[PDB]
Amino acid sequence: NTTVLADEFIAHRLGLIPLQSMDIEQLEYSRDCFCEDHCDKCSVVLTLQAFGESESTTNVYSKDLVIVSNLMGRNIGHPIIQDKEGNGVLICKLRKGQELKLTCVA
Amino acid sequence: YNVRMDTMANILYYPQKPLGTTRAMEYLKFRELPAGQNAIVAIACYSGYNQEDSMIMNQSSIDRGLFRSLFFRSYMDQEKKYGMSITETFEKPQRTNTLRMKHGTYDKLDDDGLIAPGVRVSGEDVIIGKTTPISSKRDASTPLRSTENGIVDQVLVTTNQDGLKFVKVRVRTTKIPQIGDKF
Amino acid sequence: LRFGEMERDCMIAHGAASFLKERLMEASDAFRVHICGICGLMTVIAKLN
Amino acid sequence: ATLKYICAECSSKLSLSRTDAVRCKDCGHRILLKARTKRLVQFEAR
Amino acid sequence: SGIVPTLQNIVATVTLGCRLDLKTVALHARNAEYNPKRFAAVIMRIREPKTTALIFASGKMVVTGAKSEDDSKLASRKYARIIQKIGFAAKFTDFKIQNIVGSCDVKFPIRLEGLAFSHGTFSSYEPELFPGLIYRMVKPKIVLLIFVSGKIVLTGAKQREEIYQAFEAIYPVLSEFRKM
Amino acid sequence: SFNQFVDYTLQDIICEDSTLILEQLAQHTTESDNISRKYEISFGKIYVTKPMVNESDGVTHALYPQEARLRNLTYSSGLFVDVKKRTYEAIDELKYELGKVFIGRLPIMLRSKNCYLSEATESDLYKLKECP
Amino acid sequence: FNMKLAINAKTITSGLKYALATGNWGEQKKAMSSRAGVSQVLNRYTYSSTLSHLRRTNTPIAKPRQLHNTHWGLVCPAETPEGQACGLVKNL
Amino acid sequence: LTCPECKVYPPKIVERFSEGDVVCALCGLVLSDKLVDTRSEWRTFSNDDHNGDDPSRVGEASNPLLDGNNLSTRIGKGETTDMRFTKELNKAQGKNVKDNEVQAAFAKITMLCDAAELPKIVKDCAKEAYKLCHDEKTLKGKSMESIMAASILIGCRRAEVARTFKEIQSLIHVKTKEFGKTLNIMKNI
Amino acid sequence: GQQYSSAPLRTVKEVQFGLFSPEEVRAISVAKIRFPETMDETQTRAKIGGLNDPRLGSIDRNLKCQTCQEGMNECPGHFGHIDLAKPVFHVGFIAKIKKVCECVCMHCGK
Amino acid sequence: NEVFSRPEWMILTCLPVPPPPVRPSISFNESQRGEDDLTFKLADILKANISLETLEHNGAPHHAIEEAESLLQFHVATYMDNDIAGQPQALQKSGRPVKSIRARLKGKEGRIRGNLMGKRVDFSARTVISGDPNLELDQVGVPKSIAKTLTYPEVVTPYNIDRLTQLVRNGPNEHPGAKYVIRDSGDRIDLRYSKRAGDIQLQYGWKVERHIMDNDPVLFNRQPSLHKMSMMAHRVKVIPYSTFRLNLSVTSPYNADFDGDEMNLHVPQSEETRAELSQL
Ligand SMILES: [Mg+2]
Ligand SMILES: [Zn+2]
Ligand SMILES: [Zn+2]
Ligand SMILES: [Zn+2]
Ligand SMILES: [Zn+2]
Ligand SMILES: [Zn+2]
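Here it is, written out as structure tokens:
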């Protein structure tokens, strides 16, 4: 995180980003799940890598989130995009060498 | 704020310009750099938990980021020179040859005697390892305040006007609204 | 914390003789000396052992 | 590939140790931050 | 070592046993200079053996420049003989060598600062003051002046043997710090 | 206020008492007596540099407000005064005649004339890691 | 008469550094009566807090605490502390 | 300290400062209960109190390495003071006062470092080099303004502050060969 | 804790104020106090038989408290005396002394 | 009085020298050492003494002696009192005047007003107060953390033995737990570190220093305290969140509100003390 924002400031926002919870009913609460922390049966893994290549301000959107976990073919974890331009929630703004590399467990 | 090392810094997460403003604020830079947020306020008698100057907060709103703030404290330490021979040192003290160690843990220290920025800390833990050799050597280390905790934000190493090695450590926490919190 | 003068007063008002003694002794300061019976001084070389 | 400190302005992985003073290659600006730690830090999502 | 230091200078004292009028000596002896305003003695030199004597009013003198014990005694005798020939009841008494200086050349260069750091208690080296390293040997008690060139100066000896023993003792350490 | 003190007040403080003299009048016995002298020391124009810093390794260089706050230095500039030393003498009533010196470091007030940040544009301050 | 030996720079340098630092407006590490609190650390809690600190007035020692008519347009009628310093700390 | 119950050679003990106890980390036996804050206790000796209002401020710090142990206050003006008694009690300190005055040669070193732009660590080495060699028989009768000019290069040569001998020849004074021999007889000590 | 003493535990019933007779001050004292030196047996790390513990109280987590021993958390600390060259006024009683002279004969003491 | 106070004893001839406890020293780092102002003032008395002794012994120059006497007079005098009217204060290098003995006893914050007539205490706790319509008049909401710190020393007895053993087992971190075990022997067992904190087998007469628990009597106080009602005994109620909760009707006696007021809590340590609180 080379951003003007705090690790946890960003972290907080990521929770408020709406995710597809259609098939939420076929996912287990990790508390009830039998693994060690999380797994596929109980979580969705999201990834976010962003960098200021542009001289202009580089924006980070809920669209920039990528699912890395196996979905078991169920309608889940897709960042909800209601946005006309199709960007979703604006998470961050980066300048030049501003990099943001993180991992989310939903 | 992000480029300065001050003892204590309090920054509001999502500041808001006021809905009700003064023509004089234009010159005061207030709408550019605000001191609060426009809250949805009911003047009501509810559960009686707002009696005698107390107030009720929407715990739902608090989760959404209402009134959260950043908090940065900065710890400093010098490597002092006591005359011709005695010199303090930046290092990770070993409990066998170091007296009066802090009960806190020293594991988060790299061999230069500092925690790398990014490590999460907690009460009584050792941010800066220091010894004041006298003879083998006593422990002169800096622990994080016992009533606080957080994640190390930045750590800088420098020399001063006469060239004494000294190190500044910033610690960031996020203070969510709680009960005895004044507004 | 400081159990100060004004707090001593409230305890004296309540008649909490033993509660006060405790605050001032057991809960703080309290110490034991050996004094002389002739000149009531703390002179005594107590080699209590 | 590994590092230590940084130019507070020309941000250029520097690094050093004892008695090597505390300067930079060209611009002296004896400030120098210390860059992050490899070990990932974890956070609460709320 | 295979090298033998060369005696370069020997200082000896001689009591002629009889007061002297330095002003008169300076007047009747050739190659004599007397300037009481700076030194209360007559400085006289001879060619064989090439030496220089310091003659005092007390009748005592110092003979310098001799390169062997024999030349020193011999030169001393000539000076006394001149004092007599001038008109004094001078006699050749208490002859005694007080200092012998010798020099060498080990032929190789020497890293002096390494030698100084190694033998700190005996050597003082600070090129700023003097280019050579001053080694104060304990046994024998001889002072050496060690140079980067391999040139060695040994002084403080009363017997020529001490110069020789001093050189043998220092050769190993000289060799150890040879620049090669 | 500060500017008035630097541009004017400072000079007048150097010039009120300013010059100091010491007189050595003899015993008038005979040579080497009978020699009366008076020596002067005068203070002229006062100079004041932009803020600087004297590091441990001799080198002096400019110092910006941010470096001061981080390395805990003082944001001060140099005070320099023209000094002159005259000499006079008489025998046993007639006085006959026979540079720029550093004096101290004066702390500068930010945004004043002498501060670097005074003639600074918005984009300028940002590069200097200061808040406009 | 060697110049460097004559003028002691440290006199004025550290003499000002002392005052500004500590706040005892006087000479020097032997200060009393000296007026403490003349120089103080700038409040950086909020931007307004910083602004109002650079417009603060101290009055040391007839009825000074009261808001005088002559204070109109020159000093704030509301910005004053409660307790001990009330009406002795004026704000422009 | 070592736990009376256990006794293992590396005596693993913790200072639970917060509960004011000294515990044995193994058996948990408390080995001491009276425990004092050294930071705040040191605040009573070296404080920020120059006015004189602090009731906590009750002592003063000294430097046993440099000035030995010379405890001595100074008669000075107070709030209610006549300027007469100050003079008398000070004129009375004059009859009680040589080597207790050669400490003003520290004022010669301090005024030389500040004229040479030298750090606070160099002065204290030059003052310790001068205190341990000014009364030596090995220095005997060297130029007294060239033995303190040599102890400044001795203090600089340990504090890593680059100062050539010709840089100190410019300050005072130095006679080159005179403060060069003196810079060696001290170097042996 | 603080160790057991066979001495009878009693309560203070009366406090008898008075002044110190020099005879008594001398009699209580456990040390002479001769030197203005703290400790430092000339650049050392022990107390000087002169000021603090010439033969006095104990400090620095060390028992040595003249036979008494005990150390810090038991020792009350015992007094030393200093023998003054000439009499001096006790500042508090400079006036009661004055008044007493004012009442009595400065020759016969009547 | 011929026994305790003859007038001859007013003048000082011999000087009682107080022991280190009265004038502590501190040895920092071999080049830093702190002595008490009294130790300074004494050394001056001594130096002035040693001086005048040498003068009398030697050729007494009359006026050079009385000159040295009124110096001694000053140092001795200024040591007991430095705030003397007319006289110059003895100052200590830094410009600050020497803390005389008088001045340590004198003010509020003196030894009398501030170490004897009022003193800070252990088994005390303080935090922000807030109101509660669900607390009973006589109770006080105590934050879990505060309850987990404050302790009551309970004697092991047939009646409590089993319960106490459980809180001991619970330990210092769990909410109804304990911090220390006090054996007959006098030595304190720290449950936080003792290797035997698990297998700790209690004995009648031992003391278990256990956490403050629901319904313990505690002294609650809001300063100033110009009332006997400004300090009242409440029933503990361990609760979450960092504030002391009080019933609203009890607001008036304390003179409290919840605009940022803090309140003091004192814990009795004896069955006797507790009775005093609950019964009076
Ligand atoms: Mg209130
Ligand atoms: Zn799972
Ligand atoms: Zn008795
Ligand atoms: Zn750089
Ligand atoms: Zn004792
Ligand atoms: Zn009579």
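Protein sequences, first through last, are from chains A, B, C, D, E, F, G, H, I and J. Take 54 as the starting number for the first sequence in UniProt numbering and just add one per residue. The second sequence lines up with residues 785 to 919, 933 to 980 when you count with UniProt numbering. Take 1128 as the starting number for the third sequence in UniProt numbering and just add one per residue. Take 25 as the starting number for the fourth sequence in UniProt numbering and just add one per residue. Take 61 as the starting number for the fifth sequence in UniProt numbering and just add one per residue. The sixth sequence lines up with residues 50 to 141, 146 to 151, 163 to 196 when you count with UniProt numbering. The seventh sequence lines up with residues 442 to 502, 509 to 539 when you count with UniProt numbering. The eighth sequence lines up with residues 22 to 118, 122 to 213 when you count with UniProt numbering. Take 3 as the starting number for the ninth sequence in UniProt numbering and just add one per residue. Take 225 as the starting number for the tenth sequence in UniProt numbering and just add one per residue. Think of the CB as a built atom: it goes at the ideal place given N, C-alpha and C, for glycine as much as any other residue.
Residue 301(J) sits in a helix when the DSSP states are folded into three classes.
Under the DSSP assignment, residue 192(E) falls in the beta strand (DSSP E) whose first and last residues are 190-196.
Within the segment 787-812 of chain B, those residues whose Cβ lies closer than 7 Å to any Cβ of chain A are, in chain order, 797.
Straight-line measurement puts the Cα of residue 485(G) at about 31 Å from the Cα of residue 28(D).
Residue 72(E) holds the alpha-carbon nearest to the alpha-carbon of residue 158(E) among 68(E), 72(E), 67(E), 65(E).
From the listed residues 378(J), 316(J), 453(J), the smallest Cα separation to residue 258(J) is found for 316(J).
Residue 535(G) has its alpha-carbon roughly 12 Å from the corresponding atom of residue 522(G). Under the 10 Å beta carbon count, residue 40(I) is surrounded by 16 or more other beta carbons and is classified as buried.
Legend: CB atoms of the segment 116-128 of chain F lying less than 9 Å from CB atoms of chain D belong to residues 116, 119, 120. Proximity to residue 191(F) across 91(F), 114(F), 98(F), 110(F) peaks at 114(F), based on C-alpha coordinates. Counting every other CB atom within 10 Å of its CB across the protein chains shown gives residue 299(J) a total of 16 or more, marking it as buried. Closer than 8 Å to the CB of residue 963(B) there is not a single CB belonging to chain G.
Apart from sequence neighbours up to five positions away, the residues of its chain that approach residue 427(J) with a beta-carbon distance below 8 Å are 380, 407, 408, ordered along the chain. Between residue 472(J) and residue 357(J), the CB-CB gap stays under 8 Å. Taking a C-beta cut-off of 9 Å against chain H, the contacting residues of the segment 171-198 of chain E are 184, 186, 188, 189, listed in chain order. In this chain, the beta strand (DSSP E) harbouring residue 215(E) covers 211-217.
Within the segment 884-917 of chain B, contact with chain D at the beta-carbon level (separation under 7 Å) is assigned to 900, 901, 902, 903, 904. With contacts defined as CB atoms closer than 8 Å, residue 463(G) and residue 168(F) fail to qualify as a contacting pair.
The way I'd put it, the segment 95-104 of chain I does touch the segment 231-240 of chain J; three or more beta-carbon pairs between them come closer than 8 Å.
Counting along the chain, residue 110(I) sits inside no beta strand (DSSP E), nor does DSSP assign it H or E at all. Beta-bridge partners assigned by DSSP to residue 101(F): 111(F).
Three or more beta-carbon pairs drawn from the segment 185-203 of chain E and the segment 211-229 of chain E are found closer than 8 Å, and the two stretches are therefore classed as touching. For residue 445(J), the number of other beta carbons within 10 angstroms of its own is at least 16, and it is reported as buried.
Within chain G, the C-beta atoms nearer than 9 Å to that of residue 817(B) come from 487, 488, 489, in chain order.
The set of residues with a C-beta under 7 Å from any non-hydrogen atom of ligand 4 comprises 31(D), 33(D), 34(D), 36(D), 48(D), 49(D), 50(D), 51(D), 53(D), given in chain order. Residue 86(H) holds the alpha-carbon nearest to the alpha-carbon of residue 42(I) among 108(H), 78(H), 86(H). Separation of residue 24(I) and residue 112(H) (C-alpha to C-alpha, rounded to the nearest whole angstrom) is 31 Å.
The C-alpha of residue 179(F) is placed about 13 Å away from the C-alpha of residue 56(F). The beta carbon of residue 26(I) sits closer than 7 Å to none of the beta carbons in its chain outside the five residues before and after it. In this structure, ligand 5 has no non-hydrogen atom nearer than 7 Å to the beta-carbon of residue 197(H). Residue range 495-503 is occupied by the alpha helix (DSSP H) that includes residue 497(J). Straight-line spacing of the CA atoms in residue 197(H) and residue 45(D) works out to 31 Å. No residue range can be given for residue 168(H), since it is assigned to no beta strand (DSSP E) and is classified by DSSP as neither H nor E.
A direct Cα-to-Cα measurement between residue 313(J) and residue 82(H) gives close to 20 Å. Screening all residues for a C-beta within a distance smaller than 7 Å of any heavy atom in ligand 3 leaves 1163(C), 1165(C), 1166(C), 1168(C), 1170(C), in chain order. Residue list for ligand 5: 67(I), 70(I), 77(I) (CB closer than 5 Å to any heavy atom, chain order).
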